[PDB]
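Chains as they are written, first to last, in full-length UniProt numbering: chain Z, 1 to 209; chain F, 1 to 209. We put the beta carbon where it would ideally sit given N, CA and C, even for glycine. Read through the structure below, which is laid out as structure tokens, and then see the notes.
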Ligand SMILES: CCCCCCCCCCCCCCCCCC(=O)OC[C@H](COP(=O)([O-])OCC(O)COP(=O)([O-])OC[C@@H](COC(=O)CCCCCCCCCCCCCCCCC)OC(=O)CCCCCCCCCCCCCCCCC)OC(=O)CCCCCCCCCCCCCCCCC
Ligand SMILES: CCCCCCCCCCCCCCCCCC(=O)OC[C@H](COP(=O)([O-])OCC(O)COP(=O)([O-])OC[C@@H](COC(=O)CCCCCCCCCCCCCCCCC)OC(=O)CCCCCCCCCCCCCCCCC)OC(=O)CCCCCCCCCCCCCCCCC
Ligand SMILES: COC1=C(OC)C(=O)C(C/C=C(\C)CC/C=C(\C)CC/C=C(\C)CC/C=C(\C)CC/C=C(\C)CC/C=C(/C)CC/C=C(\C)CCC=C(C)C)=C(C)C1=O
């Protein structure tokens, strides 16, 4: 039992009443269904994962005490405390340093947690859908400056083209059929008027600005 | 106590617990406020209207029994049962008929329930905001046929004017400035061309159909 199981019971108090008091004691399939989904304390409700941590925590911690509980290398240098000849005194702080580094075991796990991964090749294979790429893919690249600067450049110039596009359509509206068919036309073209028909001059077919 | 009061209790059951148990006895003002809005049997909760009906129902019913319990006028005609000389036998069924007519006392109460009120003058005052009108207002009236037939006529003719209006704007768009300024113009008008300017030909400024 734990607090989280007790919270479920308070929430499932009415459900426990329906299934246990009414259904569980009925005959037929309604009873088999209630006795099967009966609410209470858990049969085999232990959590092996939580129990696994407790075991490995206690076993690894006893190792820490042995590795960390060492006689000092510094105190053995004066030959006045407990150590005259210690030819392996320079190994005293190897296991302690090794245990202290274990604090970073999970903080630094895998390649991405030891470097800036976007600058490494594996990151690319992940962004391509876990797809194999040539090893020189990090070099054959287009400038990120161009892609973002050109996207702004193109849009800023379209705003200025929209204004110019309006003045041209306006000035062309005040032009005769003769001019709008001879200006910018091929020299070999002989103009021949067309029958006048009604064709509106709508800038944007959709009612947009 | 009645069922409607009991229904309030089941709905106010939790509210009663908060006022009568917690607020009604906490201390100071919260007590005076909870003891004032206490929940329980209604003090002076009787309904005089209910009793007023019960009393008048009983008194009027005792009158119905007397008025309806009369010796028959038909049986007294033969001079063979219980009645030889009854000079007021023709009054036997006056009170019975008068009581049976009482069943329409409330069904026919006021002028509106005895006739078709919209054909009566008082109805006009109610629709005019309870305002005095001349007695001959029911005669000075415009035909309801015209009001409703003209409302439909005007709309059916506008749908046909919209189509005619489009064909005219189209035929005029293909017209020269000289034609659209001299046709339908006054005879004494001398046409003088104006400088050409860009003025769109938009049917509806609002983007409607
Ligand atoms: C604003 C700030 C306010 C400041 C003021 C506040 C003051 C507060 C004071 C608080 C107290 C601070 C704690 C220290 C003083 C305590 C007083 C005392 O008496 O201590 C007794 C105390 C008592 O011992 P203990 O309690 O029984 O156990 C202590 C330890 O648990 C275990 O003890 P141990 O003795 O067993 O551990 C030994 C270990 C201790 O750990 C270390 O110190 C690491 C040492 C690694 C570096 C060693 C350098 C060796 C010589 C290099 C020479 C060149 C230098 C150039 C450097 C250039 C740099 C680029 O060192 C070793 O590993 C020894 C062997 C090392 C290998 C030797 C290899 C030699 C040959 C190499 C040849 C290769 C080159 C050849 C080229 C030739 C060309 C000519 O012992 C200590 O000294 C404790 C020190 C442990 C570290 C504590 C650090 C706490 C965190 C403080 C912040 C970090 C500061 C330290 C930075 C050091 C530089 C990186
Ligand atoms: C087809 C469907 C399927 C049917 C098949 C199933 C058949 C099963 C039937 C089951 C039961 C049927 C019920 C009837 C059978 C009763 C048999 C029996 O033994 O009962 C004895 C039964 C025993 O007495 P009781 O149980 O002690 O009490 C009985 C009553 O509670 C109270 O008794 P009461 O005696 O005290 O009531 C008296 C009352 C009874 O109420 C009435 O019957 C109303 C009477 C109105 C007609 C009066 C006729 C006057 C004579 C005029 C002569 C000409 C006639 C021309 C007619 C032309 C028409 C355009 O009559 C009066 O008020 C007498 C006073 C008359 C007014 C005074 C002035 C009279 C002279 C006025 C002259 C004016 C002339 C001026 C100008 C002249 C110029 C030439 O007495 C009855 O007679 C029971 C009558 C129950 C009421 C029946 C009528 C119900 C209303 C139905 C709606 C109207 C439809 C009929 C209209 C008729 C024409 C207006
Ligand atoms: C048949 O023989 C006869 C008698 O029997 C002997 C008589 O007693 C009598 C005497 C008659 C009387 C003493 C009764 C007189 C009654 C009169 C004058 C009118 C009474 C008027 C009132 C009591 C006020 C009522 C006010 C309203 C209805 C306005 C607000 C609306 C209300 C309250 C109801 C809401 C309206 C609805 C349509 C919803 C209806 C709701 C329900 C049915 C819910 C019912 C709930 C329950 C729990 C039963 C006669 C004349 C008679 O002929």
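Flag residue i as yes if its beta-carbon sits less than 8 Å from any beta-carbon of chain Z, otherwise no.
i                      : result
residue 15 of chain F  : no
residue 201 of chain F : yes
Determine the chain Z residues that contact residue i at a beta-carbon separation under 8 Å, and present them in chain order.
i                      : result
residue 10 of chain F  : Chain Z residues near residue 10 of chain F: none, gap ~18 Å exceeds 8 Å.
residue 207 of chain F : 207
Is it right to say residue i is buried, meaning 16 or more other beta carbons lie within 10 angstroms of its own, or is it exposed?
i                      : result
residue 34 of chain F  : buried
residue 65 of chain F  : exposed
residue 24 of chain Z  : buried
residue 152 of chain Z : exposed
Along chain Z, in chain order, which residues have C-beta atoms closer than 7 Å to that of residue i?
i                      : result
residue 170 of chain F : 198
Run the proximity test for residue i: is its beta-carbon closer than 7 Å to any non-hydrogen atom belonging to ligand 3?
i                      : result
residue 57 of chain F  : yes
residue 60 of chain F  : yes
residue 102 of chain F : yes
residue 11 of chain F  : no
residue 37 of chain F  : no
residue 33 of chain Z  : no
Cβ atoms of residue j and residue i: under 8 Å apart, would you say?
i                      : j                      : result
residue 205 of chain Z : residue 201 of chain F : no
residue 20 of chain F  : residue 49 of chain F  : no
residue 72 of chain F  : residue 86 of chain F  : no
residue 203 of chain Z : residue 147 of chain Z : no
residue 133 of chain F : residue 126 of chain F : no
residue 173 of chain F : residue 198 of chain Z : yes
residue 96 of chain Z  : residue 62 of chain Z  : no
residue 111 of chain F : residue 118 of chain F : no
residue 167 of chain F : residue 207 of chain Z : no
residue 120 of chain F : residue 92 of chain F  : no
Indicate whether at least one CB of chain F lies closer than 8 Å to the CB of residue i.
i                      : result
residue 180 of chain Z : no
When every heavy atom of ligand 2 is checked, does at least one fall within less than 7 Å of the C-beta of residue i?
i                     : result
residue 66 of chain F : no
residue 99 of chain F : no
residue 93 of chain F : yes
residue 70 of chain F : yes
residue 83 of chain F : no
Who are the neighbours of residue i on chain F, taking C-beta pairs under 8 Å?
i                      : result
residue 174 of chain Z : 196, 197 and 198
Using a C-beta to C-beta distance shorter than 7 Å, which residues of chain F count as neighbours of residue i?
i                      : result
residue 50 of chain Z  : What residue 50 of chain Z touches in chain F: nothing, since even the nearest Cβ is about 40 Å away.
residue 150 of chain Z : Those within 7 Å of residue 150 of chain Z in chain F number zero; the least Cβ separation is about 35 Å.
Is residue i close to chain B? Criterion is C-beta to C-beta, closer than 8 Å.
i                      : result
residue 204 of chain F : Considering every chain present, this structure includes no chain B. Its protein chains are Z and F.
Taking 7 Å as the cut-off, is the C-beta of residue i nearer than that to any heavy atom in ligand 1?
i                     : result
residue 79 of chain Z : no
residue 73 of chain Z : yes
residue 14 of chain Z : no
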